[PDB]
Each structure stands twice: as C-alpha cells, then as structure tokens.
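1. Provided hereafter are the protein sequence and its experimental coordinates.
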Amino acid sequence: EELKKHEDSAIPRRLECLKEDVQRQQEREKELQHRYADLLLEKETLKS
Amino acid sequence: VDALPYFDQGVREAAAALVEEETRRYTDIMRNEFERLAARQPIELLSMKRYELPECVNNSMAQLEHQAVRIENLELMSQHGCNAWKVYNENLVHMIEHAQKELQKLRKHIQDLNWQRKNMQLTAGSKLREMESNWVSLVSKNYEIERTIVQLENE
Amino acid sequence: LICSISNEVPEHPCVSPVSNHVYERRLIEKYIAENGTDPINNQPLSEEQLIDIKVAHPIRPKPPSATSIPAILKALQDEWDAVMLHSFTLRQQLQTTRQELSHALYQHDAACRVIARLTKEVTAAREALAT
Amino acid sequence: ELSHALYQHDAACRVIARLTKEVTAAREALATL
Amino acid sequence: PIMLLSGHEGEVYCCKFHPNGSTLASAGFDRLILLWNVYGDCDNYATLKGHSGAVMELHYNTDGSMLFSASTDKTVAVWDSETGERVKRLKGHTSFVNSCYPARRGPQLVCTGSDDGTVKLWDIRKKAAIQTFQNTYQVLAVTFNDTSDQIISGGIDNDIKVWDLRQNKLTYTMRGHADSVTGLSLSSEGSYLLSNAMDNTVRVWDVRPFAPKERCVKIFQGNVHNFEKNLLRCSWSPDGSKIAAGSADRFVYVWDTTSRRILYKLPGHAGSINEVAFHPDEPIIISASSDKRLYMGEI
C-alpha cells in the first residue's frame, strides 16, 4: 500500500522531469532551425 | 524516491557497496519480576501435591476421593462418548474455511492493486522512450545545425 | 471468536460501542480502570459503555487422563513454562527488530545520498552533450 | 516499516542502476564528439 | 455521436473549420457555401452566395476573418466571414482555378493553382497579379511555405514543384509518386507536408533550409482511385499526430504520423469522401463526401 503511495507520488515526478528534457531540446530545435533558416539565406547572398 | 518496478527489467552488488560506504560515513507488575527470574535462573517453581505417592493417612484419603471423582469424571464422558467430540470437530471445519476465504479476498485485492500499477508503468515507460528517442534526435539535430552553421560561416 | 487483547477464546465476551471489537470482560475491565479509554482506537470508553454479548458457549474436552494430580503438577507446570519461554523469546524478537530497523534506515539514507550525487552527475553529463 | 523500507530500498536501488548507465552513455558520447 | 449533416443539393467537395473551431464551412457542386455551428446540434446559420461555378476549394485565413474560395468559373473569391459578402473577385485566371491558399502570418498574399498551366500569386489590395510561374500544365493543389517565400504545387506530371518568390525559378522539384498528385497540406510544424495522389499511395515530405536532397520520408498505403478521378485531399492533425484521408472507397482513412499503422478505415458513407476536416481544438472529424452530406465523427 505504501509502495503504491511512494510510486503514485513519484510516477509524475519521473514524468515531469523528462517532459522538460524533451522540451529543452525542443526549444533548441526551433533556434537550431532558426539559425539553419538563417545560414541557408545568406548562403545564396554569397552565391549571388 | 522514484524507482520503476514494472519497467526496470534489468550491479546490485556494486551499488550496494556504494550505498554501504555512505552508511559507513553516516511494563507489568510483580508478575514480570518472578517470570524473568525463573527464566534467567532456568528453574521452574515446584508444585508439591504429594497426591500421587501417599501424614500418609491424609495422602491416602486424598487418592480415594480424587479416584472416585475420576471414575465419575470418566462416566459422564463415556455416556456421550464420541458424539460430543465429533460435534466440536464440525465447529473446527466452519472456523477453518472462514480463514481461507479471507486468504482469497486478500489475494484478489493484492493482485488487483499490482494490476493497476502495471498499466501505469507501461504508460510512462513508453513516454520516457519517446523522450529519450526524441532526445537523441534533438542531439543529432543540434550537431547537424552546428555543422551547417559552420559551413555558412565559411561561405 | 477471539479476544482482542490476550489472544483468548472468551468465556464472557463483551463489545465496546465506540470501536466494534470483542474483548473478554476481565481484560477490558482491567484496561478501563488502568486508563479509561478503548485499547485499540484510543477513544473515550467506560465500564458502563460496554455491551455484553451472548453465544452458544464454548466447550473444552477435559483430557481422558485428567485428575487433580496432572492438573496440579504436569499441566500447570507446562503452562508457566510456555508463558515464560515465549515472552522471553518475544522480547528477543522485539530487540532485533529495532536493530534491523537501524540497518534499514541507515542503508536507506545511504541510497538517498547516492541518488542525490548521481542526479547532479547525470544531467550535467547530458548537458555537456547538448553543449 | 521493515518491509516497506526493504522493498522501497531495492526499488530506489534500481534508480541508481538506471542512472549510472545513462550517465555513462553521456561520457563516451561527448568524449567521442 | 455520428452527427450527419445534410442540406447540400449536390456533392460537397470542401469542408473545413473555423480556425477558431467555432463555425463550419462546406461547399461543392451546388455553387454556394453553407455554414454551420460546430457545437450544439451542429446547426446552420448562414449561406454565402455568388460563385457561378462549383466551389472547388474553400480556404480560411489564419484568424478566420476573411474567406477564400476557389471556383470553377475561372475565379477565386475572398469574402467577409463578418458579413459573408464579396470583397474581391480574383479574376484574370485563364482557366479553371481549382486551388487557393492565403499566406499565413505574412503580408496578405494568395497563391492559386488552376487548370490554365500557371500558378498565380495575387495581392488582395491591388486587384492585380504579383507573380505567375507557367511551368507547362495544370496545377491541382498549391500551398505556401511558412516563410511565405517558397510556393509548392502538385499537378499531372507527378513532380512536386516549388518556386522561390524572389528568384522565381523552379526551386525544389521532388519525385517518386507514380501518378498524379491530388493534394498537399503542410503540417503546422511549418515543415512537414502531406501529399495524396490517386496512384493509391500517400507521401510525406519536409521543406527545410537543408534537407537530405531526397526528402521522401514516410509512406502509407490505402487510398483508392477509380473511373471518377475525383479530387482527393489530405490533412494533418493539429498536432501532426494523425493523417486523415478520403478516397472513392467510402472509407475514412485515419493513420498516424508515428507508426504509420491503419488506425481507422471507417465506414458510414455512401459516396466518395472528398475532404476530411480536423478540429483545431478537439478530437472532432468532419467528412465531406459526394453523397451530398457530411459526417461529424468524434474520436
């Protein structure tokens, strides 16, 4: 019973940490493809 | 606090040593007096009821009255006989079956709680797999972005 | 069917009205005089609050070799042996539970420090891959 | 208390086994990169 | 519930939601555009009028303030969801304009695919054309790229084409579909784009600054064509989780982005399903079929 109380307390704690770990990289991929959108754009300017 | 039981299917001796090293770092009355003295000394209190041997005029007359009480105490037992015994044997079977019904009721609710936990373990273990796979993909994406950004800088 | 104090099969069972639990009258009467409250739930309870219960009575078959002699000598001796060597052995069991408690809580707190130490280790190793 | 602890101890022990192998994976990954 | 809607006299070709998730727009052969309320009893309040040809594609703006609707009669139309009244009749198209797309979050700008052999770029305010990339032939579907600087189009020659708005040349041509492509829809990722084609295969692509040079990502089986060659359209879910498709088989096909499994082939229809609409808020599905009515499935 208490093992369930220890589990059902920390089941979202195991969840909510990994959501941030996804979201931290998920925030980066925007700024990744923000810069990847940039570095394609000036590439044509050097091509022209 | 968090330790997944259903998901963790897979070092215990190693981790035990590291946990061990952090542990290397960190009413009764008179009754109780005579009872503890009897157990410590290893001696039971002697009951003298010279009833068996038989001053011996008394001891003899004791044996008669208890023998007459005995022979009367065996008469009322034999009168009923085995009927009084097997009537109590039936009561013991009603008493026994009730315990094993509770063994089942506990068995069902114990497996029922574990059954609910199992689904939760499999729910999140997938979500963690999604994150980690996703995390790996994110890392790869960042490496690719760095390579591409450098190329753009080189122009 | 049993008493909830001694572990008897009561001769005059009586039930308390604050917590539904059957006790043998002598043993519940003694508790109320010692401290006037219910032993299990620690709720206010008096001698008048109790309710005597009735049943078809309990029967013990007095053994075939039953006399004043074995009942005085052999049977009564075994009863105070069995009371003595059990509670002494039960006091031995309570002493080890407290020692094995201390080995449990120390090994637990030892594990807490490993987790806290590894929580700083892992995320910074993952962070270094991000960097 | 003994039972709930021993269960939760070896449960919390499996947290470390998982944590150690992930920490380890972060090292060779970053090292080789 | 199933919630089947009716009140349309001929096929309904296009059904889509308010980007609020408040009101419903559907249209087809009957040359007018019906509107409904998505909630309550799924009831009908308004009907827009005017389009002489068949309404081949209706398209919202990204707030829901003005309505775009491509008509068979050589014209696109933008209307006021505020009123339902015409603000602009995009004429000048030299043939059947089937597909329309308003630029999202950029300057107000429209790309229209037509049966003339050109893709046309138009500004709403000028009553004049912006740009036009005459490749050779009919273009059957058109969608922008989230930069509002490339334009993607799919027609009869099976090679999905993308033009750069500034160099005005064929920027990106992709290949691999065996027969004519009938539908494009770029997910709200701004990256992943979905392509239906009556060769019985659906494909997924991704327009990025850098792509593997051959960006044919995911492939699903199930769609059908027949003697009808009706125009078949696809969509992503609000989440990029499920792809919904229709087909001439009377089966609403619901697949997933993740495992590409067949989550659904749902029956219920009588005629070919031409367009499936996902609710921007809910797990609500609306099917526009050629059986002259619609369905409101809840999943």
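-> On my side now, so go ahead. Residues are numbered from 1 along each chain as shown, chains lettered A, B, ... in the order given.

2. Please see if the helix ranked longest in chain C touches chain B.
-> Counting residues, the longest helix found in chain C (DSSP state H) is helix C:74-130. Yes. With C-beta under 8 Å from any C-beta of the partner chain as the measure, helix C:74-130 is seen reaching chain B through C:76-77, C:80-81, C:83-85, C:87-88, C:106-107, C:109-111, C:113-114, C:126, C:129-130. (C-beta placed from N, C-alpha, C; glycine too.)

3. residues in contact with the closest residue to chain D within chain B?
-> Residue nearest to chain D within chain B: residue B:3 (3.8 Å; C-beta to the nearest C-beta). Counting by C-beta atoms under 8 Å, 6 or more residues apart in numbering or on different chains, residue B:3 touches D:8, D:11, D:12, D:13, D:14, D:15.

4. Just the buried ones from the residues of helix C:74-130 next to chain B, in ChimeraX syntax?
-> Remark: buried members of these, expressed as a ChimeraX selection using 16 or more other C-beta atoms under 10 Å in any protein chain shown:
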select /C:84,106,107,110,111,113,114,126,129
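
5. can you tell me which of the contacts of residue B:3 are up against chain C?
-> Answer for these near chain C (C-beta under 8 Å from any C-beta): D:8, D:12, D:13, D:15.

6. Just those: which are in helices?
-> Those of the ones next to chain C among the contacts of residue B:3 lying in helices (DSSP H): D:8, D:12, D:13, D:15.

7. Quick check: which of the residues you listed are also close to chain A?
-> Among these, chain A is touched by residue D:8 when using C-beta under 8 Å from any C-beta.

8. Checking the residue in chain E positioned nearest to chain D next. Helix, strand or coil?
-> Nearest residue of chain E to chain D, counting by C-beta to the nearest C-beta: residue E:210, 19.9 Å away. At residue E:210 the chain is in coil, as set by DSSP: H, G, I helix; E, B strand; the rest coil.

9. Closest residue of chain A to chain D?
-> residue A:2 (4.8 Å).

10. ok, the residue nearest to that residue when sequence neighbours are not counted to residue A:6 distance?
-> Leaving aside its sequence neighbours, residue A:2 sits nearest to residue D:4 (C-beta to C-beta, 6 or more residues apart in numbering or on different chains; 4.8 Å). From residue D:4 across to residue A:6, the span is 8 Å (C-beta to C-beta, to the nearest Å).

11. which one of those two has more residues nearby?
-> residue A:6 (18 against 14; other C-beta atoms under 10 Å in any protein chain shown).

12. chain center to the strand or helix carrying the more buried one, what's the gap?
-> Taking DSSP states H and E as the definition, residue A:6 sits inside helix A:2-47. Relative to its parent chain, helix A:2-47 has a centroid offset of 0 Å by C-alpha atoms, centre = their mean, to the nearest Å.

13. Check which helices and strands it is in contact with.
-> helix B:83-154, helix C:74-130, helix D:2-32 (3 or more C-beta pairs under 8 Å, 6 or more residues apart in numbering or on different chains; DSSP states H and E).

14. Can you add distance to residue E:219 and give those back as JSON lines?
-> Formatted as JSON lines, these follow (distance: least, C-beta to C-beta, whole Å):
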{"stretch": "helix B:83-154", "distance to residue E:219": "20"}
{"stretch": "helix C:74-130", "distance to residue E:219": "32"}
{"stretch": "helix D:2-32", "distance to residue E:219": "31"}
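
15. Deepest in the core, which of those is it.
-> Mean neighbours per residue, mean count of other C-beta atoms under 10 Å in any protein chain shown, is largest over these for helix D:2-32, with a mean of 16.

16. Grab the nearest non-local neighbour of residue 18.
-> No chain was given, so I picked chain A. Spatially, and ignoring its direct neighbours in sequence, residue A:18 is nearest to residue B:131 (4.4 Å; C-beta to C-beta, 6+ apart).

17. hmm, I had chain B in mind actually
-> Counting by C-beta to C-beta, 6+ apart, the residue nearest residue B:18 is residue C:114, at 5.7 Å.

18. what's near enough to touch the one you found?
-> Applying C-beta under 8 Å, 6+ apart to residue C:114 gives the contacts B:15, B:18, B:19, B:22, D:16.

19. picking up where we left off before, name all residues that make contact with the residue nearest to residue A:18.
-> A:18, A:19, A:21, A:22.

20. Name only those of the residues you listed that count as buried.
-> The buried subset of the contacts of residue B:131 - by 16+ other C-beta under 10 Å - is A:18, A:21, A:22.

21. burial of residue C:13, as a residue count?
-> So residue C:13, with other C-beta under 10 Å, has 21 neighbours.

22. Surely it and residue C:24 touch.
-> Yes. Taking C-beta atoms under 8 Å as the definition, residue C:13 is a contact partner of residue C:24 at 6.3 Å.

23. what's the spacing between the helix or strand encompassing residue E:112 and its chain's center?
-> Per DSSP H and E, residue E:112 falls inside strand E:110-114. Distance of strand E:110-114 from its chain centroid, counting by C-alpha atoms, centre = their mean, is 12 Å.

24. Note down every partner strand of it and its orientation.
-> With DSSP bridges as the test, strand E:110-114 is paired with strand E:97-102 (antiparallel), strand E:119-123 (antiparallel).

25. Show me what that strand is in contact with.
-> By C-beta under 8 Å, 6+ apart, strand E:110-114 touches E:68, E:70, E:76, E:78, E:90, E:93-103, E:119-124, E:138-144, E:151, E:153, E:155.

26. May I ask you to confirm that the residue of chain E closest to chain D is in contact with residue A:36?
-> Yes. If you go by C-beta under 8 Å, residue E:210 and residue A:36 touch, sitting 6.2 Å apart.

27. how about the residues of chain B that lie near chain C?
-> So chain B meets chain C at B:15, B:18-23, B:26, B:35-36, B:38-39, B:44-45, B:47, B:49, B:51-52, B:62, B:66, B:69-70, B:73-74, B:77, B:84-85, B:88, B:95, B:135, B:139, B:142 (C-beta under 8 Å from any C-beta).

28. Once you drop chain neighbours, what's closest to residue E:78?
-> Nearest one to residue E:78, counting by C-beta to C-beta, 6+ apart, is residue E:88 at 4.7 Å.
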